[PDB]
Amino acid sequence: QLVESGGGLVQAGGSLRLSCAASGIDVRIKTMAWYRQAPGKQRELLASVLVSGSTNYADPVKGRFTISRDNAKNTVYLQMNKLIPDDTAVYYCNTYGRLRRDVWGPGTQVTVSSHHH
């Protein structure tokens, strides 16, 4: 079981940190990755962290997002800096096995607004 949290409404240029809390499975010995699904776009990979700690990032998030693992909390974080409105999506976290079985958590909604309405 994977539980995403930490999302909400933030302003352009702000920041957020999402958390992927695991229970029943051990992220310390699993390659962990973050994803996002836009309103009308295909779900895309954003960042992954290997068991060794090596990280890889996709093009739209390089230099803005940072993936990290907290072994003590059995949790994987996604630090989201330099946010822009195009980052609006529901973000997901997953292992490899759950990815190929299409097993996904509820995800956490991230809304980046240009201004307060």
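Sequential numbering from 1, following the sequence displayed.
Quiz item: Out of 23 to 31 and 79 to 87, which stretch has the higher average CA B-factor listed in the record?
Solution: Per the PDB entry, the higher value belongs to 23 to 31.
Self-check item: Entry-level comparison of average CA B-factors, 7 to 15 and 93 to 101, reporting the higher stretch
Solution: Result: 93 to 101.
Quiz item: Which of these has the highest Cα B-factor in the record: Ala38, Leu50, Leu46, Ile67?
Solution: Top of the list by C-alpha B-factor: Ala38.
Exercise. Could you say whether, by C-alpha temperature factor, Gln1 belongs to the lowest, middle or highest third of its chain?
Key: Answer is highest: the recorded C-alpha B-factor places it there.
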